[PDB]
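J.: Here it is, the structure, as structure tokens.
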Amino acid sequence: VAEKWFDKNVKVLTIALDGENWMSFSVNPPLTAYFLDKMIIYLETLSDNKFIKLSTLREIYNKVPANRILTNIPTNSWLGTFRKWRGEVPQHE
Amino acid sequence: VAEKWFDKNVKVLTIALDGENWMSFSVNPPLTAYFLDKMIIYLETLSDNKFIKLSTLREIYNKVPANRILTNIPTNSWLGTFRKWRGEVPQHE
Amino acid sequence: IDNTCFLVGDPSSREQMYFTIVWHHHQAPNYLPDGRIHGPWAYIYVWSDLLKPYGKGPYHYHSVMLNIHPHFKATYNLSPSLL
């Protein structure tokens, strides 16, 4: 996360993922809870040094207006295909 | 098999199937060999009484000529679909 | 032994980047038309011994970390079907 600070074009950094599948589908799920605690401790040291401004998405929405205008976004999921729900099982059609 | 003999339209009777899979994928494969022996015993009884003429496909081809004429037979398999080798696995295409 | 590198920089060089994370908490509506529950994942991920000895379940663990760390902000998606 800190190596993104050196890049000056990185204005807003966003991470989005399932909040509970990663702590339950790992090999040893309890260690993933220790991971979260140590991680949140580490990211709190990047906000007291003022490297990052830890905030919520609603706060970023008000603080940073959206200036550039996109005109079209093609239809897609975050897996690059819709064949996961229509096509990857023989009895989908 | 003898029930087809009462019908007068049954001139040639044909049975076609895989030779070894019916007898090696059954629940109790050894008894399927008993079945074949008994069935061959019974079929010979229908041939000595001159009910049927148990023969080969050359003999039927030469003794019985084809009189009707078919013009079209649509593409198809004996499973009614080609999706078994193209479509029933997602990774076929 | 491994190359555990670290970083040095001047916090005043640039405007600090706005940082946020989105957690997507969701279970499908797993009740039958009668009302009985056929998919128990909204519940066993709240009261199982899955994150033992550090917590009970992912949904409850994420809630207790919000009390443990009162300075850590994050955006959450509590799915309406889960709520």
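Residues are named by chain letter and number: chains run A, B, ... in the order of the structure tokens, numbers start at 1 in each chain, and ligands are numbered from 1 in the order shown.
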I need the chain A residues near chain C as a count of residues only; criterion: at most 10 Å, counting only C-alpha atoms.
T.: 53
J.: Determine which residues of chain A sit within 9 Å of chain B, taking into account only C-alpha atoms, and present them as an MDAnalysis selection string.
T.: chainID A and resid 87:91
J.: Quick one: pick out all strand (DSSP E or B) residues within region 8-82 of chain A from a backbone DSSP run and write them as a list in words.
T.: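 Matching residues for strand (DSSP E or B) in region 8-82 of chain A are residues 12, 13, 14, 15, 16, 17, 18, 52, 53 and 54 of chain A.
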J.: Got time to write the residues from that selection, N, CA and C atoms, as a compact mmCIF listing (two decimals), in the first residue's frame?
T.:
# COMPACT_ATOMS: atom_id res chain seq x y z
N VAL A 12 -6.78 8.34 -5.36
CA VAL A 12 -7.69 7.59 -4.50
C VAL A 12 -7.43 6.11 -4.73
N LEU A 13 -7.08 5.40 -3.66
CA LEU A 13 -6.81 3.97 -3.72
C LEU A 13 -7.97 3.20 -3.11
N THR A 14 -8.49 2.22 -3.84
CA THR A 14 -9.69 1.49 -3.44
C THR A 14 -9.46 -0.01 -3.54
N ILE A 15 -9.92 -0.73 -2.52
CA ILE A 15 -9.88 -2.19 -2.48
C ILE A 15 -11.29 -2.68 -2.19
N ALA A 16 -11.76 -3.64 -2.99
CA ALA A 16 -13.10 -4.19 -2.86
C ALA A 16 -13.04 -5.70 -3.03
N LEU A 17 -13.59 -6.42 -2.07
CA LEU A 17 -13.60 -7.88 -2.12
C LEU A 17 -14.64 -8.40 -1.14
N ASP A 18 -14.92 -9.69 -1.23
CA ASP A 18 -15.85 -10.34 -0.31
C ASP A 18 -15.27 -10.31 1.10
N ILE A 52 -1.28 8.17 4.25
CA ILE A 52 -2.60 7.91 3.69
C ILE A 52 -3.65 8.56 4.60
N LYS A 53 -4.81 8.84 4.02
CA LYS A 53 -5.96 9.39 4.75
C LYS A 53 -7.03 8.31 4.78
N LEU A 54 -7.00 7.48 5.82
CA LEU A 54 -7.96 6.39 5.97
C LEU A 54 -9.36 6.96 6.12
J.: Give me, please, the distance in Å between CA of residue 82 (chain C) and CA of residue 38 (chain C), quoted to one decimal.
T.: 14.0 Å
J.: Can you check which residues of chain A DSSP gives as helix (DSSP H, G or I) on the backbone and send them as a PyMOL selection string?
T.: chain A and resi 3-6+29-48+57-63+90-92
J.: Could you tell me how far CA of residue 80 (chain C) sits from CA of residue 42 (chain C), in Å to one decimal place?
T.: 11.6 Å
